[PDB]
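Engineer: I would like the atomic coordinates for the input below:
(7 chains, ligands or ions: 6)
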Amino acid sequence: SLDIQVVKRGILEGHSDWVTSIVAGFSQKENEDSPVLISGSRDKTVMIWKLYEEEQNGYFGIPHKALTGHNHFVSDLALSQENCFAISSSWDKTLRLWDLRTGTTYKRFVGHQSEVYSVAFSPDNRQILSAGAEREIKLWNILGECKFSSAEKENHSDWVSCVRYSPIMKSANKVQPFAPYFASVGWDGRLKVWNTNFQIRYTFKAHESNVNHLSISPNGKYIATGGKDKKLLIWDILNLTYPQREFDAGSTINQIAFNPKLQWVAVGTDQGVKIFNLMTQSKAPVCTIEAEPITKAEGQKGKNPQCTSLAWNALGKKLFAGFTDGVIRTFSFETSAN
Amino acid sequence: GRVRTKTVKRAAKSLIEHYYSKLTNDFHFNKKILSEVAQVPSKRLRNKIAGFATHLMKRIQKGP
Amino acid sequence: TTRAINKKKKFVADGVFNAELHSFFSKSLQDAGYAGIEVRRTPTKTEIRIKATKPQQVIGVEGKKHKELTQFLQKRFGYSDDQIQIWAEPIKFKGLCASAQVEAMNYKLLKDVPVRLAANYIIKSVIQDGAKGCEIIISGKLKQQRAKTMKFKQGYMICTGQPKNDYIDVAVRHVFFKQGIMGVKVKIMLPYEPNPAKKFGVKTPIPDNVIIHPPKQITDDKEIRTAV
Amino acid sequence: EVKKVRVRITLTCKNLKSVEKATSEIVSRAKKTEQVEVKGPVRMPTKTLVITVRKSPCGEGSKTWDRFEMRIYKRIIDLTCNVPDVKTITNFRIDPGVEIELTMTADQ
Amino acid sequence: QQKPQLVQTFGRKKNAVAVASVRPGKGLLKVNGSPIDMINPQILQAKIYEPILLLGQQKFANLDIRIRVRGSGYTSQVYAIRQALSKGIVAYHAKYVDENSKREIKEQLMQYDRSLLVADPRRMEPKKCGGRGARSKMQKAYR
Amino acid sequence: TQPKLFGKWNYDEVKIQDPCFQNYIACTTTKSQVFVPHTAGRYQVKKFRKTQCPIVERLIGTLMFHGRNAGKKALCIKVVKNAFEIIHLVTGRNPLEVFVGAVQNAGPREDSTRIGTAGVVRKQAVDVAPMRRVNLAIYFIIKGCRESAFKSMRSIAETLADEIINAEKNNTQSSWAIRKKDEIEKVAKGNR
RNA sequence: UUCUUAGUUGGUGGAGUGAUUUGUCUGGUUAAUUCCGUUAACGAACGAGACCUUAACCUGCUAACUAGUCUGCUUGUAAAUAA
Ligand SMILES: [Mg+2]
Ligand SMILES: [Mg+2]
Ligand SMILES: [Mg+2]
Ligand SMILES: [Mg+2]
Ligand SMILES: [Mg+2]
Ligand SMILES: [Mg+2]
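Structural biologist: Numbers count the residues shown, from 1 in each chain, chains lettered A, B, ... in the order given. Ligands and ions are numbered 1, 2, ... in the order given. I have put the structure below:
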């Protein structure tokens, strides 16, 4: 057997409610580690984390700056390439541009109506993409002006849950055969793929229930898609009649994340976090349920927390899961191969 | 005095009846779901309906 | 400016003006169904819209009642002839106006037409015009020297709540007989009208109505990579 | 012949809806014109006239009281303009219970 | 305009309001432009000294804090001052220090008293007719 | 630094023994060590919240009574601190240890009540809860205070101090609180 | 004023020659004929609820010389980038 076992790293706490979004630093000079962690939660707060080198006590790190601009929950965060800037989606019908050194909000994006579930940052950093319960995807100048809004003929029924982008690697030698696209996942169970011009390129009806999250392989060759459908769908951008691969992950799918290198898929689920190996065909490579540190409070027992977010650090060695109890948990992997 | 009324329980029944596949254990989700799905004249009302419907989602998860 | 007046004292004075008008018009206009009065106030002018069922009697025979009225307001307050303007506006649905209908049964009861029949006639009219529900109360000596109170309901009726003030329209009249004053109330609960498109009913629904709206199945074409 | 004139619009109304209609289309209309600078809606404190009245026209024994309110909403809007622009921005229909007062301070 | 190093917090009990402004330096506490020493009923000065002693003077020697209080009557006023001060330090440690310190002073304070960071929701009750007060009513004769 | 009550009295020296009272008398907690007896607390919104109120504040509450004194708290804070001073001048130990001692030591355990069962109506022998035991203790102590100090020259601080000391000492002559306590417990024993 | 108590009707079915009755109840439960359940009753209307006004939360939004804050100038008492 190839055993992939998990060593517990630590605990990042002080998020009052849920942990809805997590982003880790971009690798700046190549193959070097990311010092930076940012989370977003219900709690009305964006947390900036200063990380311990080793682990002291049971903790992996300590809260550095708490960004407060927001009325309702923070749905999703995204980083600039600079790593010096972050952005916040919210149910408060607004987006925010955050300087990461100062607590300062730079500009805020207004003009969304209902509420905002996700945001994406384009590789050029001059385009912001935002989506919400308006069944609408919006394109913003970094100066805070709505540039475009996808219309009825294209846009999908119910709510856009998540929008993301299609990485173009640095070297041209990294083999980019396709066109640039952006992907939109929804509560109608539709995975959409649009060109830069906001023209529908490929819209497949992926799921039977609703889709909470979508992420793209670092290669931009495949898409991972998931929600209440209790199914993890992997799609080849070459042949779409049939989904590339499918996995059964217990109960409901909250988040999905590709290992920036390692070629695994980590899935945030109510039961816990599952990790899939794409290199072999088997259905459950590493499974983590987490008992509650808040349960250690005397007399109160948990049903377990459910994990509301995932992120990998740039090196792909560390993994962060945001939870129901407002605690981020950190885990590392040791390989024992028989 | 927290007993819930006719209007609210009829409402909750209906909301689950048509929408069960869309509905979550989270109140805050279900209240927005309701808002989109229905005509509810009050904030207060909608919230009561959503709360009871949530309650019933949890009761459904357990059995009949 | 004329005089600097207390925003409070001015506004109360404006309301008292309005009420004096309403008493004046309900009193002197008693034959054509009179409903309401709407007053716009310009530094130049004062515009009065008399909302009524039978505008034709507000005007009269080539402005006999109109000119009379206009001049009455003139002598009463003092006004320039350019300063006063009276319009009469029709109420498109007579069945949704109470004061009107109570004037109707005032009339019918003067002609000795029996109670239940008259009440029924108007009620049937009111619901014919689309009102959800109506009620009429007649009080006083009917039968004999000992006072009676008779209620007539049909359709849907609310009494209590803020919705009362919205959906329910009420008017009373004193009716005169050789025997004394008898009196008559009409409560028309109005219907619910969701669009500004018409002057009808109530723009904001009863807080009770909870309507769930079941999902649809529509045209779906996907976009898929071809296989060769 | 350039005129820089600061215009003071005071709106008073017993109904709120009416006054916010007035306010917000004045702000909308003023912004729509280029010669114009708008110091926005200024909301005065809300004036509540209360009259507490005994119900029964008689001494009939239980004392009941009626709390009779009239609210007066007062708004202020400020403009930087010339005469014709003012008369452009005042050009729209307004609900009856509205008082509109205009004052002009010259500015150099 | 040169944005100052200022932090401004408010605090509340009944009709009383305290605005405390916090800036770095040699620590003063001046309430309405005067030392705590002179606050009117002497007894509850210790109420204001409470969060100070709880956190230790070491946090307060680094900061000049000036609290202006206008409000209802003596006691509520004292409570407002308390509040504004307390959450004032917290806001400082939020902007100018690490978040961690904000957290641990928050916990530190609230374990002692929650009235420091959270306001008393109570306000007066209006009077129901037929009584000398907001519940009690005109005496009744049954027999 | 551990706050001392009024600044001169250390809470750390007060230890409660009888296992009924430890949950019912405040001073054990970080939250109950207060320089000033004045919390402006919400102690009455729920059934047992009164427990979490500092005992000296409780006493102060009981003191505030009669139409003329209603709602003058400062007066009673004074009275209490003074009485506590006179206490340390007499005994010489923590006026708190004396107070707490005297709340514990004086209040009823048995009390008699009418329990209707079918035809039976007559007094019956009933046991007193911890919370009521405490409440009553304070009620009594202070009522004795008032009755005595009324037209005399002795002030309330004095009367109250006298009472607190006698109350811990168990004195059935000098302590009104214990006069009533014993009287009640006797009524009760007789009614079994 | 009963009484702010929680009451009151009708349609179609069931029972009485009939006035009438069931519905509108043993029992839980609620502040509430509020609900649950029982159920020759099934569904509904009024009343209660829903509603509306005031008070309590927003270091987020929209703004304010008929609110305040700060910033920079100054003035007074002071050795005064103190107060
Ligand atoms: Mg008095
Ligand atoms: Mg029948
Ligand atoms: Mg029958
Ligand atoms: Mg029969
Ligand atoms: Mg009956
Ligand atoms: Mg029924």
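Engineer: quick one, longest helix in chain D?
Structural biologist: helix D:16-31 (DSSP state H).
Engineer: spit out the contact partners of the residue lying closest to residue E:8 once chain neighbours are set aside.
Structural biologist: Nearest non-adjacent residue to residue E:8, counting by Cβ to Cβ, 6 or more residues apart in numbering or on different chains: residue E:21, 5.2 Å away. Bear in mind the C-beta positions are built from the backbone N, C-alpha and C, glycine included. Residues in contact with residue E:21 (Cβ atoms under 8 Å, 6 or more residues apart in numbering or on different chains) are E:6-8, E:65-67, E:88.
Engineer: what does residue A:331 give?
Structural biologist: Counted by Cβ under 8 Å, 6+ apart, residue A:331 has contacts A:6-9, A:288, A:318-319, A:321.
Engineer: that one: what secondary structure?
Structural biologist: strand (DSSP: H, G, I helix; E, B strand; the rest coil).
Engineer: in this structure residue E:11 contacts residue E:82, no?
Structural biologist: Yes - between residue E:11 and residue E:82 a contact is recorded at 6.7 Å, counting by Cβ atoms under 8 Å.
Engineer: which outside residues touch the helix ranked longest in chain C?
Structural biologist: Determined from DSSP H, the single longest helix within chain C is helix C:7-28. Residues from elsewhere that reach helix C:7-28 (Cβ under 8 Å, 6+ apart): C:5, C:34, C:37, C:39, C:41, C:48, C:50, C:69, C:72, C:99, D:12, D:14, D:47, D:49, D:70, D:72, D:74, D:97, D:99.
Engineer: separate out the buried members of these.
Structural biologist: C:34, C:37, C:48, C:50, C:69, C:99, D:12, D:14, D:49, D:72, D:74, D:97, D:99 (16 or more other Cβ atoms under 10 Å in any protein chain shown).
Engineer: using the three-state scheme, assign the fourth one.
Structural biologist: Assigned by three-state DSSP, the conformation of residue C:50 is strand.
Engineer: could you find the closest non-adjacent residue to it?
Structural biologist: Leaving aside its chain neighbours, residue C:50 sits nearest to residue C:88 (4.9 Å; criterion: Cβ to Cβ, 6+ apart).
Engineer: so what strands line up beside whichever helix or strand comes after the longest helix of chain C?
Structural biologist: Tracing the chain past helix C:7-28, the next element assigned as helix or strand by DSSP states H and E is strand C:34-41. Strand C:34-41 sits in its sheet next to strand C:46-52 (antiparallel), going by DSSP bridges.
Engineer: counting neighbours, what do you get for the residue in chain F positioned nearest to chain B?
Structural biologist: Chain F approaches chain B most closely through residue F:46 (15.5 Å), counting by Cβ to the nearest Cβ. Neighbour count of residue F:46, defined by other Cβ atoms under 10 Å in any protein chain shown: 9.
Engineer: surely it is in a helix?
Structural biologist: No - if the criterion is three-state DSSP, then residue F:46 is coil and not within a helix.
Engineer: export the contacts of residue A:331 to JSON lines and tack on distance to residue A:302?
Structural biologist: JSON lines is the format used below for the contacts of residue A:331 (distance: Cβ to Cβ, whole Å):
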{"residue": "A:6", "distance to residue A:302": "20"}
{"residue": "A:7", "distance to residue A:302": "23"}
{"residue": "A:8", "distance to residue A:302": "17"}
{"residue": "A:9", "distance to residue A:302": "21"}
{"residue": "A:288", "distance to residue A:302": "15"}
{"residue": "A:318", "distance to residue A:302": "25"}
{"residue": "A:319", "distance to residue A:302": "22"}
{"residue": "A:321", "distance to residue A:302": "16"}
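Engineer: just the buried ones from those?
Structural biologist: For the contacts of residue A:331, a burial check counting by 16+ other Cβ under 10 Å picks out A:9, A:288, A:318-319, A:321.
Engineer: buried ones in the one helix or strand residue D:50 maps to?
Structural biologist: Using DSSP H and E, residue D:50 sits in strand D:47-54. Within strand D:47-54, the residues scored as buried using 16+ other Cβ under 10 Å are residue D:49.
Engineer: whether that strand contacts chain C - can you check?
Structural biologist: Yes - applying Cβ under 8 Å from any Cβ of the partner chain, one finds strand D:47-54 touching chain C at D:47, D:49.
Engineer: sorry, back to before: what's across from the residue nearest to residue E:8 in the sheet?
Structural biologist: Beta-bridge partners recorded for residue E:21 (DSSP bridges): residue E:8, residue E:66.
Engineer: now swap in residue C:37 and tell me
Structural biologist: residue C:50.
Engineer: that one touches residue C:48, doesn't it?
Structural biologist: Yes - with contact defined as Cβ under 8 Å, residue C:37 counts as touching residue C:48 (6.2 Å).
Engineer: wait, which of the contacts of residue A:331 is closest to residue A:254?
Structural biologist: Distance ranking of the contacts of residue A:331 against residue A:254, using Cβ to Cβ, places residue A:321 first at 9.7 Å.
Engineer: tell me which strands and helices the strand or helix carrying the closest one is in contact with?
Structural biologist: Per DSSP H and E, residue A:321 falls inside strand A:318-323. For strand A:318-323, the packing partners by 3 or more Cβ pairs under 8 Å, 6 or more residues apart in numbering or on different chains; DSSP states H and E come out as strand A:19-24, strand A:36-41, strand A:307-312, strand A:328-337.
Engineer: what about the helix or strand containing residue F:165 and chain E, touching?
Structural biologist: Assigned by DSSP H and E, residue F:165 falls within helix F:156-169. No - when contact is scored as Cβ under 8 Å from any Cβ, no part of helix F:156-169 falls within range of chain E; the minimum is 14.9 Å.
Engineer: helices or strands up against that helix?
Structural biologist: Packed on helix F:156-169, when contacts are counted by 3+ Cβ pairs under 8 Å, 6+ apart, are helix F:73-90, helix F:95-105, helix F:130-149, helix F:176-190.
Engineer: can you list the strands that the strand ranked longest in chain D pairs with?
Structural biologist: In chain D, taking DSSP state E as the definition, the longest strand is strand D:65-81. Using DSSP bridges, the strands paired with strand D:65-81 in its sheet are strand D:5-13 (antiparallel), strand D:37-43 (antiparallel), strand D:47-54 (antiparallel).
Engineer: next one: it to chain centre, how far?
Structural biologist: 6 Å (Cα atoms, centre = their mean, to the nearest Å).
Engineer: ok, back up a step: the longest helix of chain D packs against which elements?
Structural biologist: strand D:5-13, strand D:37-43, strand D:65-81, helix D:83-89, strand D:98-106.
Engineer: point out the most buried one among those.
Structural biologist: Highest mean neighbour count of those: strand D:5-13, a mean of 19 (counted as mean count of other Cβ atoms under 10 Å in any protein chain shown).
Engineer: contacts for that strand, please.
Structural biologist: For strand D:5-13, contacts defined as Cβ under 8 Å, 6+ apart pick out C:7, C:11, D:19, D:22-23, D:26, D:72-83, D:86, D:95, D:97-107.
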